[PDB]
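Presented below, as structure tokens, is a lone chain in the form deposited in one PDB entry.
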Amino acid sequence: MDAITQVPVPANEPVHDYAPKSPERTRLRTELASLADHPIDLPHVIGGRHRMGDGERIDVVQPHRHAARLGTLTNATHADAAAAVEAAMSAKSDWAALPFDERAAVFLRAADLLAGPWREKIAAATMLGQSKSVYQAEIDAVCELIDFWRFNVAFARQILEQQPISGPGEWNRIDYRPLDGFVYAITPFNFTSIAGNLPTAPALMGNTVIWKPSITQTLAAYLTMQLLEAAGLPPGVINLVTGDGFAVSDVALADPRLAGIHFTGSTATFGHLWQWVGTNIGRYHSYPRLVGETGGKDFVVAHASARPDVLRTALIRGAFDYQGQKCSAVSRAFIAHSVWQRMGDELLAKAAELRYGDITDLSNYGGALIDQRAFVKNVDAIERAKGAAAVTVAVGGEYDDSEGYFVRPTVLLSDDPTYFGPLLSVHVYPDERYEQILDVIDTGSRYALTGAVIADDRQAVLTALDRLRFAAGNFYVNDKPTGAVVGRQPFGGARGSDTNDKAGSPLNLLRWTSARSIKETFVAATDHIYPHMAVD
């Protein structure tokens, strides 16, 4: 080929509503039945071979109906992890040798397969295994994943045209090489889009990968692998290993060819990996690149000029969409007294009526918590709230793990302005102490991922944007601080983090390259003496 080609221009994928009478609702019912009725083995996918391993069998179930099995995986053994690392290294040369456009076409094809014939299949696997309502599944497993793929192809293509200046008599170029060695992607339960992106973003740039998805997301992870295969992903470029990850990390973190880790999950797990890499630093051929993001909890401050209906809705969605389990959910709200007088009883009444249940009933707002450990952590929190003098349970606080891991939307009233779940703490503050509340928030700002101000008053909005500039990584005005859309709300991260390079911008993709400069000089010097040396 003699060409300087351009990739298709990305736009965000439209979100389907699955309203009654819509055709996508019919298709979704069909896929929900198909997956829930035919539970399957969920194998490792190594070198293109789908195989169960010799580790412990672990059932993947519907969290909202936990006796209902969706499939069964095997806990990866050391042998399975070693096979995945070898397959990733054996696939590297043919994959890195493919031209960029052929690598990009796999992910553009995967995007259009997910937008069209696989759409409800992947949305249903996510609803079932992760206990997401259809809306929560549509924005995540379908739209966000599609946009990661289309946008990362466009961001990669933008990176490749960033080229230097050529002086007279020379030509300077930059080549964005892939890394040496394999990348290890470790992905969380809560987003099928993150789970698909972490391994595929480095692959787009010519790397190969071993991918360890969260057990409770593995139905959608495996269907994602099938989809990628259907798009033409060559065997071994991504290798899926199932289970709790412990034997995989034993192998991967000991291998000298480890080039990077792409991680999203808890700070505790990230810290363990970072320590391990550091301890082993002397054995790696390359300095391993550790990239990703950890969670946090978000706050909302409503000024006396807040619209009460906007605030009520932002709080209900922000705290209770996907049962509070989004990488960030609204956990703490600070509301001016005069606004609480206008919307406080309505918030508690709507929270008390909010329906959580089996998400194959599309009328439910949401489902259950992801697994028994999450449920235990939520019960411990609610019982701590009931026993703490500073907090009252205003609505909710009931829980029952008999059918599914169900916890009710809970609103706590906290008299003192000083784990994921459907819990919201509200502190009501006198209207004239808005600036003082902003100070309190800033002083308590360690695990602050996102913040929002609700205020029609422009001075109040600017005061919040300024006073809390360093107190949160993403800031929202008159909306809930949840729901970031690829291309639209990149960046942030908790205060003090170094996560500018997380997914959603070209800076992530650059982490999976090692740029070299190439300089050709056309008529270089043929005498070494310099002008200053002359006599004189």
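Residues that one form lacks are left out of the comparison. Superpose the two forms; the largest set of C-alphas matching within 1.5 Å is the rigid core. The first residue of the shown sequence is 1; numbering continues from there.
As for the form deposited in another entry, it is not shown, yet the points below apply to it.
Residue showing a CA shift of 2 Å or more between this form and the one not shown (rigid core superposed; candidates 163, 436, 279, 93): 279.
Relative to the superposed rigid core, residue 268 undergoes a CA displacement of at least 2 Å between this form and the one not shown. By the rule of 2 Å per CA over three or more consecutive residues, the rigid core superposition between this form and the one not shown yields one shifted run, at 265-280.
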